[PDB]
Protein chains: 2
Amino acid sequence: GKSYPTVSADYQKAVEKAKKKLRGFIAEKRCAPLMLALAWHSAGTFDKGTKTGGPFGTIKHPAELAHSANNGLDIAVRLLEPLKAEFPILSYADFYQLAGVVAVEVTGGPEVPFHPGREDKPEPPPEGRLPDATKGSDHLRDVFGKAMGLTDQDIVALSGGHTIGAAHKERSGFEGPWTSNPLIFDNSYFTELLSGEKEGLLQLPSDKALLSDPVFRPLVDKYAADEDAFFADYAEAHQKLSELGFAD
Amino acid sequence: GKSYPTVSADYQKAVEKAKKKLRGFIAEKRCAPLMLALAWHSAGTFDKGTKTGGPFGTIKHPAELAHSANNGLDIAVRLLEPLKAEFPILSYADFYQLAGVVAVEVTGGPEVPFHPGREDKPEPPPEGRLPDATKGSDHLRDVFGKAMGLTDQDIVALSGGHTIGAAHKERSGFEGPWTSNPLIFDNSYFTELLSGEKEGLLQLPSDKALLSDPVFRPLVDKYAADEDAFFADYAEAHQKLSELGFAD
Ligand code: HEM
Ligand code: HEM
C-alpha cells in the first residue's frame, strides 16, 4: 500500500553517504542497541486511527525527550547530532530511521529495505503510546495492533529486537541484557526466552507474555528453530514499523 | 453544517424532564458556575484535525478527572451522579452539556439551543488541550481556533462565561470572582475588564489579552455596551462549543 515520494539525486546521494558514516560511527561507539531503540521509539507512537505520531523527527523535541519512556534517548540524539550536521539536506525523520536500519545491519542482522522522504513534522505525539513492560498479550495487541496497525507476527518478530542491548536500572529500572551476546543480532532472544531464567539475563513480563499466547508462542518456537525465518519476518516488520504513517 | 440524529420519543421526554430537574438542583445548590465549567471542559478538548476529544461523556473518567486543569470537577461529577441515575436512558455526554445550558439559563443568560444524541465514547483526549490562563491572544487562537475550530468572535463571547463563578487558590491558584454578581449571567465581565483592576475582583492574563488584540478589543467594547448583542453571540458560541465533533 506504499507510494514512496521522489527525492532529488542529491538527497539520494546524502542517504548513501550517511549510511556509510552511520555504520562506522555506530560500530565504533558500540551504540547499535540505543540507536535501534531511538528508531523504534520514534516510529512506535504512530496511531493509525488519527494518523498522528510515527517516525517524523519529533523525538529530538525536548518535549518528547521528556517522556519517561524515552529515558536516555537524549544521549542517542546527542551522539548523532554532529554526524547529522554533516547531512543538512536529510530530514531528522529519515536520519533516525536510517540509524535504526544500520544498527540492525552492523550487528549482523538482516538488510532492512530503506526508502527516503519522511518529512520532519512540528508536533510530537501525546505521551504514553509506547508499550509497558509489565503488561501482557492484550496490551501488546492494543499497542502494535490497534494503534500502529501491525500484525501478530510483527509483534513477535519485533520483540526479537531485544536480541541486542540491555535494560538499565537507572532508566526503566529493569537491568541487564536479554542474551549472552548483546551486540550480535541473532535469534538468541527466543532461545533464552524459551529456556527460562538464567543468571545474568533479563526477561520482561512483556517478553514472557509471548510464551503463553496461542498465536505468539508458535512464532517464538519457529524463530528459536530457524534464524533465517526470524530474519525474514524481522526485516518485514522493521520496514513496516519504520514506514508507519509514511507514503500511504 | 449539522445533521442531528434521531432520538426516540422516550429519550426526548427524559431530556425535557432532566432539564427541569437540573434547573431546580443547580439553582438550589448554587453550582451553576461549576456546571458551566464542567460542560466547557468536557467540550473544549475537541481537536478538529483528528476529531478527538470534545463533549462525549469522558470527563467522568478518573483519568480525565486527573488532569490538573480539571481541578475540582470531580465535585461537579459527584453532585450530578444521583440526578443522572434518575435518567439512565440519557448519555453522560448529553447530560453534562444539558447541565451547562441550564447553568446559563438559571443564572439569567440566553437560552442556548440544545439537540440530543451525543454518544458516550470510551477514550478521553490527551491532557493539555484546555487554555492556559497565563498566556495571551496567540495561545487563545491556537486553542479555540486551530484545535476547536471556533471564530475570533466566539473566543471573546465565550470568555464572558467568566461573568459567573470564581477562581480558587486551591484549584488553579487564582482567587476570586470576575464580577460583583457572580451568580448572575450578564455583561459585567466586559464592564469590569475594561475599567481595570478593582479590589476583590479577578482578571486573568488570558482575560486581559482580549484588551490589546485588534480583533478581540472591538468585541469587548461591543459587549460592554450592549448586553443583548453579547447574549446573541454567547448563545451562538456556546451552542457550537457544546456540539464540537457532534453531528457533522
Ligand atoms: C514489545 C514491547 C516492548 C517493551 C515492553 C519494551 C521494553 C523495553 C525496556 C523496559 C527496555 C529497557 C530500557 C532501559 O532500561 O534501558 C528496552 C530496551 C530495548 N528495546 Fe524494547 N520494548 C519493546 C519492544 C521493542 C521493539 C519493537 C524494539 C525494536 C525492534 C525494541 C528494541 C529495544 C532495544 C534494542 C533495547 C536496548 C536498549 C539499550 O541497550 O540501551 N524493543 N525495551
Ligand atoms: C479563554 C480561556 C480560558 C481560560 C484561560 C480560563 C481559565 C479559568 C481559570 C484559571 C479558572 C479558575 C478555576 C478555579 O481556580 O476554580 C476558570 C474558572 C471558570 N471558567 Fe474559565 N477559562 C477560559 C475560558 C472559559 C470558557 C470558554 C468558559 C465557559 C463559557 C469558562 C467558564 C468558567 C467558569 C464558569 C469558571 C468559574 C468556575 C467556578 O466558579 O468554580 N471559562 N477559568
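Letters A, B, ... mirror the listed sequences (proteins, then strands); counts begin at 1. Quick note: numbers below take in every heavy atom, side chains included, and nothing from hydrogens, waters or symmetry partners. Just so you know, ligand 1 is whichever comes first in the structure, and atom 1 is the first atom listed for that ligand.
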Picking from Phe231(A), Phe216(A), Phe230(A), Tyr234(A), what satisfies ring-ring contact (aromatic ring centres under 6.0 Å, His included) with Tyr223(A)?
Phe230(A)

Please state which option from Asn71(B), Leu204(B), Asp132(B) has its nearest heavy atom closest to atom 8 (C) of ligand 2.
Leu204(B)

Run the numbers for me: atoms of ligand 2, each under 4.0 Å from some heavy atom of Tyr234(B), listed by number.
30 (C)

Mark up the atoms of ligand 1 that fall under 4.0 Å of a heavy atom belonging to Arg171(A), in ascending order.
14 (C), 15 (O), 16 (O), 41 (O)

Less than 6.0 Å separating the ring centroids of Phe46(A) and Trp40(A)?
no

Hey, is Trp178(A) touching ligand 1 through its side chain, its backbone, both or neither, going by heavy atoms under 4.0 Å?
side chain

Between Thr52(B) and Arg129(B), is any side-chain donor less than 3.5 angstrom from a side-chain acceptor?
yes

Atom NZ of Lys135(B): over 12 foreign heavy atoms under 6.0 Å:
no

Considering both backbone and side-chain atoms of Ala166(A), is one of its nitrogen or oxygen atoms within less than 3.5 Å of a nitrogen or oxygen in ligand 1?
yes

Just which atoms of ligand 1 are under 4.0 Å from any heavy atom in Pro131(A)?
2 (C), 3 (C), 4 (C)

Polar-atom distance check: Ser206(A) versus ligand 1, any N or O pair below 3.5 Å?
no

Quick one: report the N, O or S atom of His162(B) that is nearest to atom 21 (Fe) of ligand 2.
NE2

Please evaluate residues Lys208(A) and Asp213(A) with respect to the criterion salt bridge (charged side-chain N to carboxylate O under 4.0 Å, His left out), reporting the C-alpha separation (whole Å), side-chain torsions for both, the decisive distance (0.1 Å), and the verdict.
CA-CA 9 Å; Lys208(A) 302 184 185 203; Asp213(A) 184 84; over 6 Å; no

Can you name the atoms of ligand 2, numbered from 1 with element, that are less than 4.0 Å from a heavy atom of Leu158(B)?
26 (C), 27 (C), 28 (C), 30 (C)

Indicate yes or no: does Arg217(B) engage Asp221(B) in a salt bridge with an N to O separation below 4.0 Å.
yes

Would one find more than 12 heavy atoms of other residues, nucleotides or ligands at under 6.0 Å from atom CG of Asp142(A)?
yes

Subset of ligand 2 atoms that lie under 4.0 Å from at least one heavy atom of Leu140(B):
1 (C), 2 (C)

